[PDB]
DNA sequence: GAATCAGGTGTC
Ligand SMILES: [Ca+2]
Ligand SMILES: [Ca+2]
């Protein structure tokens with residue numbers, strides 16, 4: 001309903017939101033949603049279909065590699081910027097979920113906007129839904145992991161699976177709980193088998209060795 | 001759905 005005020009001044013406004021910033025595995029997902037024919041139900045009082053039939057949508061992704069090289073915050077806007085880019089209508093303005101985000105289109109940030117703007121409310125759905133059906137095929141591809149349930153998140157299951165099964169190249173290797181399970185041994189193997197770029201290989205080395213450092217200081 | 005447990009990272 002706040003979405004309506006912005007449309008009056010800027011005309012074509014979009015909604016951005018992301019999913020999967022707290023995961024241990026997978027990319028981060030973003031979604032950009034221009035929308036006209038209004039939908040009751042999104043931030044009001046089976047709309048997946050209505051949103052698809054009745055809106056403009058761009059989706060962006062950042063590979064887990066990219067979360068590890070760039071970091072979880074930058075990888076996010078990287079996807080978000082790819083969403084606007086993948087969106088078919090150029091908006092004059094954007095309402096982003098969160099705070100402290102500057103995107104390639106002039107915009108404003110809304111705290112709990114995924115819960116007060118319809119355009120963001122839309123993309124936030126789009127985002128999860130895609131991510132979810134993505135984690136699904138990850139589950140099929142990596143049968144050992146219940147990706148289809150925990151969504152790559154840091155649940156008790158997912159951890160046990162990592163511990164019992166080993167880390168994957170689709171794990172965010174710079175993520176504390178994954179990191180703490182990491183041996184350069186594996187890194188090397190991942191590298192040698194061509195399952196990680198040299199860039200990532202280095203980064204993670206530098207990171208492990210830095211993890212030891214703060215423990216070393218902290219032990220003194 | 002609202003609470004309440006759990007687990008992630010980022011900027012100021
Ligand atoms: Ca939220
Ligand atoms: Ca979201």
- Message: Between A:170, A:120, which is on the phi < 0 side of the Ramachandran plot, within 17 Å of the chain's Cα centre (by Cα) and within 16 Å of ligand 2 (Cβ to nearest atom)?
- Response: A:120
- Matching residues in segment A:82-125 (more than 16 Å from residue A:36 (Cβ to Cβ) and within 16 Å of ligand 1 (Cβ to nearest atom)) number 16
- Task: Just name the residue that is farthest from the chain's Cα centre (by Cα) out of those in segment A:104-115 that are in a strand (DSSP E or B) and crowded, with 16+ Cβ neighbours inside 10 Å.
- Result: A:107
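Because the Cβ atoms are built from the backbone with ideal geometry, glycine has one as well, and the counts that use them run over all protein chains shown. Read-outs: derived from the displayed coordinates by stated rules, not from any lab.
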